[PDB]
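# Following this: a sequence and the matching experimental structure.
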Amino acid sequence: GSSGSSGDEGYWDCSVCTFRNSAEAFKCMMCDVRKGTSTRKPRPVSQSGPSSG
Ligand SMILES: [Zn+2]
């Protein structure tokens, strides 16, 4: 189709509307559905205290 990488390639294929979105685009453009999972690992967490005894 087109030849000439302006910045950085990496288009992601949406799942909700199955539309083609560009990497630069934070979220979808067709359905506008958020893609950034932003999931939190089940890893443990404790109160942040003094690193040094
Ligand atoms: Zn979409």
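Cool, got the structure. Residues are numbered from 1 along each chain as shown.
# residue ranges for the strands of this protein, please.
Assigned by DSSP state E, the chain shows strands spanning 12-13, 20-21.
# So for the ion, which of those strands sits nearest?
Each of those was scored for nearness to the ion using CB to the ion, and the closest is strand 20-21 (6.8 Å). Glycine gets a C-beta too; all of them are placed from N, C-alpha and C.
# helices or strands up against the closest one?
Where contact means 3 or more CB pairs under 8 Å, 6 or more residues apart in numbering; DSSP states H and E, strand 20-21 is packed against strand 12-13.
# is the ion contacted by the strand it packs on?
No. Applying CB under 5 Å from the ion, one finds strand 12-13 separated from the ion by no less than 9.0 Å.
# and that strand, which strands flank it?
Strand 12-13 pairs in its sheet with strand 20-21 (antiparallel), by DSSP bridges.
# Would you mind measuring from residue 24 to residue 48?
Noted for residue 24: a distance of 35 Å to residue 48, by CB to CB, to the nearest Å.
# again with residue 42
Residue 42 sits 19 Å away from residue 48 when distances are taken as CB to CB.
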